[PDB]
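Position in the sequence shown counted from 1, then plus 46, gives you my numbering. Here is the structure we will look at, set down as structure tokens.
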Amino acid sequence: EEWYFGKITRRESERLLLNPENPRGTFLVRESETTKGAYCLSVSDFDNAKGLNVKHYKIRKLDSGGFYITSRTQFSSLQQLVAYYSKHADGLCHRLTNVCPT
């Protein structure tokens with residue numbers, strides 16, 4: 047619930063995620079703006095050339111009702127997806143480390 051930001055836009059999610067004191071891996075889950083029914087996991091990242099940046103991963107819907115970023119790793123809920131990537135990056139730009147503040 048804490049990390050579910052609902053109908054926040056892609057750019058508003060970037061504004062919040064790009065706060066300079068957010069550790070790398072700060073994230074939120076939102077409804078996708080461009081794919082109705084899908085969600086997005088937006089994560090803060092960083093590299094030493096470009097600096098702070100946000101990576102967006104579309105979370106698409108399954109026919110069983112599940113969710114997935116890559117079809118190779120499907121979940122029965124967004125809570126299960128968030129718990130999984132908080133445990134290990136498994137291909138994400140970085141492990142989910144902190145829920146995006148306020």
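Quick reminder that beta carbons are idealized off the backbone N, C-alpha and C, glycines included.
Cut-off 7 Å between Cβ atoms - residues of its own chain near residue i, not counting five sequence neighbours on either side
i: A84; result: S78, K104, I105, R106, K107
i: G112; result: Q120, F121, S122
i: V128; result: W49, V75, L142
Where residue i falls, given that 16 or more other Cβ within 10 Å makes a residue buried
i: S90; result: buried
i: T72; result: buried
i: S59; result: buried
Same chain, Cβ closer than 6 Å to residue i, five either side skipped, listed in chain order
i: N68; result: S90
i: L138; result: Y131
i: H140; result: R70, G71, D91
i: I54; result: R76
Rounded distance between the beta-carbons of residue j and residue i, thought under 8 Å
i: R76; j: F92; result: With a Cβ gap of about 21 Å, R76 and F92 do not count as contacting.
i: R56; j: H102; result: 7 Å
8 Å Cβ shell around residue i - same chain, five flanking residues per side excluded
i: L63; result: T72, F73, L74, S88, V89, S90, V100, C146
i: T81; result: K104, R106
i: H134; result: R141
i: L124; result: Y50, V75, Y85, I105, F113
i: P66; result: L98
message = Restricting to runs no shorter than 4 residues, where is the alpha helix (DSSP H) found entirely within the stretch 86–145?
response = 124–133
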